[PDB]
There are 2 protein chains.
Amino acid sequence: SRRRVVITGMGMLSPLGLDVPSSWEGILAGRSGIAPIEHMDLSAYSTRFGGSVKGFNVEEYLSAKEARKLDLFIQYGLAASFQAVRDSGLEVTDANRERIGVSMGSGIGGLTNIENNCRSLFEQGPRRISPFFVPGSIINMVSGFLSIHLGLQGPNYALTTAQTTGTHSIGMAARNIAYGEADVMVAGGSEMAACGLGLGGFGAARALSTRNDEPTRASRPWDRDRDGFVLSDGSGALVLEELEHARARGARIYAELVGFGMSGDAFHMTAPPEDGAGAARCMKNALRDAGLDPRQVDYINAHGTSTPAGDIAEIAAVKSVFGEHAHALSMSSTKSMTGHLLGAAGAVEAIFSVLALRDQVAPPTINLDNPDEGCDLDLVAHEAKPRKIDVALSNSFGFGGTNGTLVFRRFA
Amino acid sequence: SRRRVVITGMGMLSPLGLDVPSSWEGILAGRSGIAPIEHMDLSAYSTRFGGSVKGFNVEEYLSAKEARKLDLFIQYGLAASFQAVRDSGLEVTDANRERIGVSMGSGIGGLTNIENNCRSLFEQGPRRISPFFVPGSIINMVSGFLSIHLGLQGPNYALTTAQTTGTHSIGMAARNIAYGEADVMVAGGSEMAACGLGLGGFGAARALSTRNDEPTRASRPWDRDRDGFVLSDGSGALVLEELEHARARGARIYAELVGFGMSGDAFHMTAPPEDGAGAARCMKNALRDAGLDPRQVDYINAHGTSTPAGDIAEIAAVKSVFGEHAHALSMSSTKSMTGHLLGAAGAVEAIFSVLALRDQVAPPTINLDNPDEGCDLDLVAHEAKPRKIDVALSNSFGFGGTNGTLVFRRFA
Ligand SMILES: NC(=O)c1ccc(NC(=O)[C@@H]2CCCO2)cc1
Ligand SMILES: NC(=O)c1ccc(NC(=O)[C@@H]2CCCO2)cc1
């Protein structure tokens, strides 16, 4: 019968820092992680900036021998996983290793490695493709490499649901624990799509902000002058643990994961419906799953991508789900500061939602200078808002009309 | 407690045929779908053959214009899914559409599309990249496009667990239904990795058979002269349905899905442990999940990739799990005929396991001319074996040491 699930460890790489506490201090100070991209020549691209991870040292985590074989998205997922496991204080043993699994996902996976090997294939031929090309590029290898290095023999898998990946990964990992398939899961996501194909591909769809001359102002969710999402890199991982397992070992518990929802829009490959009907179905599934009155929701970490249609669909969904309470809760997009970490978005945003509970503060939506038509909720414009938060909701919506919602609450 | 899950529809593209019945006729006849790859200069490659889908007409399913937006692996997953839904006779309505979801995965996803866009990017720069490059290439678009086409509003996600994808997709969809999150799921996998990067990538790892002179003899699971796996394309989809939901509408039920196991080896990035400890744990987990004794298993659809280490690991795992029953069950690798469909392997092999139950016949392991040291089980060498089959297992073992087992039983 269904067990309770708590958060005992968290780990992160983001455009604002190389761990959770540095990232969160940036979030609460309203600091932007967005800057011109330095790692390649973007002069022929319509977008030349994004949220890069700055000064990542893989030799904090892995031998340069192992690290050379792995795409950056895998390096980033392993860094966040290692941080989360250490933060949890969990000791892996012969007695518990079969009950500890991993579900670390990615939206796009090893696009840089595939680009570089494509360059070798076309310029020099197939014999120059890396022997490590496949295991170094495919999305399940965060889960694989983490399991090999820590000795995790529990459920081992990976989700890929585009921009919903991190939220779905955490939710489904919680279901694993809830239903008795594992006692512990490391779950979240990682992304590093800042290569020619990534910036070029999103560029070809005209989905990216082209505010090259003021990158820190590009990501402006619900602002009338928004002109698309900002592409960002990084990773979030959480250690999810059955409640009595966490209590038995004296774990520090950050918060409880009480609700998880999923829905499909069944509308369009890339565009969200204007009314947010799919997002609303998803949130309602999540709140019913958590046994909550919608009026209990104090904080929403929005998907809030800074796209014309996505930002307004989310207002419509929140008004539909919460009615008059939509005017009492606080809703913010941390993507205003971090940009859009795609498959990692839901994982870092789940961590920001847990810290909003820990610290009783709503992170700001920076750059919200002129809220658009109908964007009249408390969107925590400009500056962090200390307030009561018992229940926090984290939303993600992706290509293919795939929606996820996570519901967290304080644990006492 | 938990709801029962039955299979009411199946769909497939394979190297043996463009649907399930034609594929299955090939399987029972011991026919190979392996041939030198056409319309692609493979002179510089150490492997020049594979399992191609022959004569696929996407316009049976999509307009030319919508098909042009989608990588071949998505077209193949949509064909299998459309076939499965049609095979099920399910009528989607406003009363049930929220209860019908999709979990179609891929191991490698849109390599062909990525490859063809690298050409544009390197030669002509980013402005030639297709606007549909991202949504047309990402693994969750089979689930996405199927939900949009059929109006499915249930759980919408995609697994990517390398060669375990199709098995995990079906098992995790079955759980969704068992635990009441959906009444119907369309689940399985698709793969089209026969590009330079696929053939070159596996080739650079020396993972592939190089038996260019006799492609139909290359895939020879447990044969002493095997020299690695054969790369194959295609897709499988199953309609999973809650038992009372299937009975109420008068559905034709192929078989019941009674068990699902997962385990991580935590051993090596690409090689299974010699003793198959991980595959043994996973099968034991699946039998416990089904409430069945090892002695009740009659037929195993092996992973049986024709790699030296993989094939022997599976014999060790089966002897360990099944003890004095190991010789009474029949175990075969249909990869002897189909080659290795990677993330689709588990999907098409779940279909073969279901049809083994329907037709009371163990498919052959073709090319098993000289069983290797210790390969003394009933591996159904050369020809199909009619026999009693009440319980059938389908095993998948993939990169990252990720394992899955499905347990099917006759329904009456
Ligand atoms: N051996 C491990 O499992 C491992 C765990 C954690 C780390 N690093 C951190 O936790 C970071 C380093 C600075 C801030 O936090 C490195 C290795
Ligand atoms: N609005 C409410 O006060 C409320 C209370 C309880 C529930 N449901 C449950 O607690 C269980 C948990 C999974 C579904 O049923 C729903 C709503």
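Some observations on this one:
- Since only B:192, B:36, B:152 are under comparison, the one whose Cα sits farthest along the positive direction of the charge dipole of segment B:6-259, derived from C-beta charges on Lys, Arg, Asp and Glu, is B:36.
- Near the amide H of residue A:380, within less than 5 Å, lie the amide hydrogens of A:331, all on another chain or at least 5 residues away, with H placed in the peptide plane.
- When +1 charges are put on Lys and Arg Cβ atoms and -1 charges on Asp and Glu Cβ atoms, the dipole computed for segment B:6-259 relative to its Cα centre reaches about 440 debye.
- Closest approach of a chain A beta carbon to the axis mapping chain A onto chain B (residue, whole Å): A:118, 2.
- Remark on residue A:362: its backbone amide H falls under 5 Å from those of A:385, A:387, a criterion applied only to residues 5 or more positions apart or on other chains, H modelled at 1.01 Å from N.
- Sorted shortest first, the separations between the residue A:149 label point and its copies elsewhere in the assembly read 4.0 nm; each point sits 7 Å from Cα along the Cα-to-Cβ line.
- Relative to the current alpha-carbon distance between residue B:41 and residue B:324, full extension at 0.36 nm per residue lengthens the span by 96.8 nm.
- Within-14-Å neighbourhood charge of residue A:220 [Cβ basis; K, R +1; D, E -1]: -2
- Cα pair distances of the protein assembly as shown binned at 20 Å [whole percent]: 18, 54, 26, 2
- Of the residues A:407, A:239, A:258, the one with the fewest other Cβ atoms within 10 Å heads the list, and the complete ranking is A:258, A:407, A:239.
- Among A:363, A:411, A:326 the positive-end extreme of the charge dipole of segment A:302-412 (Cβ point charges): A:411
- Using the Cβ-Cβ distance between residue A:410 and residue A:179 with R0 = 25 Å, the FRET efficiency computed as 1/(1 + (r/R0)^6) comes to roughly 0.55.
- Using a 7 Å projection from Cα along Cα-to-Cβ, the label point at residue B:31 is separated from the same position in the remaining copies by 6.5 nm, smallest value first.
- Likely footprinting exposure, A:19, A:94, B:225, fewest C-beta neighbours within 10 Å first: A:94, B:225, A:19
- From helices alone, chain B scores -9500 deg cm²/dmol at 222 nm; the rule is -39500 (n - 2.57) for each run of n ≥ 4 DSSP H residues, then divide by the residue total.
- Segment A:28-51 versus segment A:334-405: alpha-carbon centroid distance in Å: 21
- Debye log10 I(q)/I(0) for segment A:260-412, one point scatterer per Cα, at q = 0.11, 0.14, 0.17, 0.21 Å⁻¹: -0.35, -0.59, -0.91, -1.49
- Shortest-first distances to equivalent copies, position residue A:124, nm, label 7 Å out along Cβ: 2.7
- Cα centroid separation, segment B:179-238 to segment A:86-149 (Å): 19
- Fluctuation leader among B:189, B:110, B:400 - chain B, Gaussian network, Cα springs under 10 angstrom: B:400
- Entries in A:69/A:335; A:54/A:335; B:335/B:388; A:284/A:385; A:284/B:284; A:319/A:388 that, when Cα-Cα distance is taken, lie over 28 Å: A:69/A:335; A:284/B:284
- Remark: segment A:160-216 carries a charge dipole of roughly 180 debye about the Cα centre, counting +1 on each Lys and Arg Cβ and -1 on each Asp and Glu Cβ.
- About its Cα centre, the dipole of segment A:77-116 is roughly 40 debye, where the only charges are +1 on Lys and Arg Cβ and -1 on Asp and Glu Cβ.
- Cα-derived Rg to Rh of segment B:1-79, Kirkwood definition: 1.08
- Residue-wise HN-Hα coupling along segment A:296-305, computed from phi with Karplus coefficients 6.51, -1.76, 1.60 (Hz; x: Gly, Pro): 7, 6, 9, 9, 10, 8, 5, 4, x, 7
- Gaussian network model of chain B, Cα within-10 Å springs - most flexible of B:264, B:401, B:55: B:55
- When the alpha carbon coordinates of segment A:51-210 are projected onto the principal axes, the ranges are 51, 35, 29 Å, largest first.
- Put simply, the C-alpha atoms of chain A give a gyration tensor, and the ellipsoid matching it has half-axes of 29, 28, 18 Å, longest first.
- Proportion of all alpha-carbon pairs of segment B:135-290 beyond 26 Å (%): 43
- Note, ³J(HN,Hα) from phi for segment B:197-212, Karplus 6.51, -1.76, 1.60, rounded to Hz, x at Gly and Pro: 5, x, 4, x, x, 5, x, 5, 7, 6, 7, 8, 3, 10, 6, 4
- Highest-fluctuation residue, A:383, A:349, A:256 considered, GNM on chain A with Cα pairs under 10 Å: A:383
- Pair residue A:25, residue A:212: separation of 7 Å Cα→Cβ label points (nm): 3.4
- HN-Hα J in Hz across segment B:132-137 - Karplus 6.51, -1.76, 1.60, θ = phi - 60°, x for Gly and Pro: 8, 3, 5, x, x, 10
- For residue A:192, the shell of other residues with beta-carbons less than 10 Å away shows a net charge of -3, using +1 for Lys and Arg and -1 for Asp and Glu.
- Percent of beta bridges antiparallel (DSSP, segment B:260-412, rounded to nearest 5): 70
- Unpartnered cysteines - no second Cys beta carbon under 4.7 Å - across chain B: B:195, B:282, B:375
- Simple spin-label estimate for residue B:95 and residue A:383 in nanometres, 7 Å along Cα-Cβ: 5.7
- Descending semi-axes in Å of segment A:322-409, equivalent ellipsoid built from Cα gyration tensor: 19, 17, 14
Note that each Cβ is placed from the backbone with ideal geometry, even for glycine, and that neighbours are counted across all protein chains shown. Laboratory data are not the source of any read-out in this text; all were calculated from the coordinates shown.
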